[PDB]
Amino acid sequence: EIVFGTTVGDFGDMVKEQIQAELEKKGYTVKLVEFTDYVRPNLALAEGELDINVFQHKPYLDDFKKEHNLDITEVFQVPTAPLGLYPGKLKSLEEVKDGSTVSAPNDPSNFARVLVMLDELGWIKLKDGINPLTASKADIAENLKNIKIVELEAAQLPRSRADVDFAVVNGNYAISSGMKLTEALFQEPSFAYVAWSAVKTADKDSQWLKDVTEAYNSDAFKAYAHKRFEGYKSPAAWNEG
């Protein structure tokens, strides 16, 4: 038996709908433990109550295992609900004007991700040599297109598209509000916040983990993810697949 821990939602659905049967074909059984918060999964992993968890991105994992002194590590990436720039009052990227408004989530990590995206688009230029994970308005070296960024609560972003020219919406709120991820005009190119699986470090070279990694990178899983999770950001190793 391989004991998976996930949050309730997409990451558990991957286990239940595709990964479980794939690993059954390889001699294993899969036991899914669902968690409703983000603190317990790594602790349960570290105490040996889980063999692997799939819920978090690497910035979160790094901070968590540092602060709790856990001997755990990321293993592989999984398809992840993406941060996207969606149409607002304007309907395409080249309609952007000097002074165009962009709504964005106001929590510091998501806001930093928005700034990095706008820098990739060429609408702003961030200072050089900064930590992209903590980018803030102070780090804008040149506002190329004089964009006005309207900071709102993440949950409010789906309703802002009448108020601003473009809206940056988190994948989770895009999904829960009925938006299609494929509607985004521009999806976050960075992989810095794609979700990873995690294990105890002592287990990182184990045979069962090689088989789990294979299952999460198999052709069957890829086709499943392309149908079930259209628009999600794929693991880098899939080559945009």
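Sequential numbering from 1, following the sequence displayed.
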{"property": "137-145 versus 78-86 - greater average Cα B-factor per the deposited record", "result": "137-145"}
{"property": "Segment of higher mean CA temperature factor, 88-96 or 123-131", "result": "88-96"}
{"property": "Residue, from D203, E47, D63, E34, that the PDB entry assigns the highest Cα B-factor", "result": "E47"}
{"property": "Residue, from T73, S160, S109, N170, that the PDB entry assigns the highest Cα B-factor", "result": "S160"}
{"property": "Record-listed C-alpha B factor of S234: chain third", "result": "middle"}
{"property": "Position of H68 among the chain's modelled residues by C-alpha B-factor, lowest, middle or highest third", "result": "middle"}
{"property": "Assigned third (lowest, middle, highest) for the C-alpha B factor of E183", "result": "highest"}
{"property": "Ranked against its chain, the third holding the CA B-factor of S197", "result": "lowest"}
{"property": "Third assignment of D10 from its chain's C-alpha B-factors", "result": "lowest"}
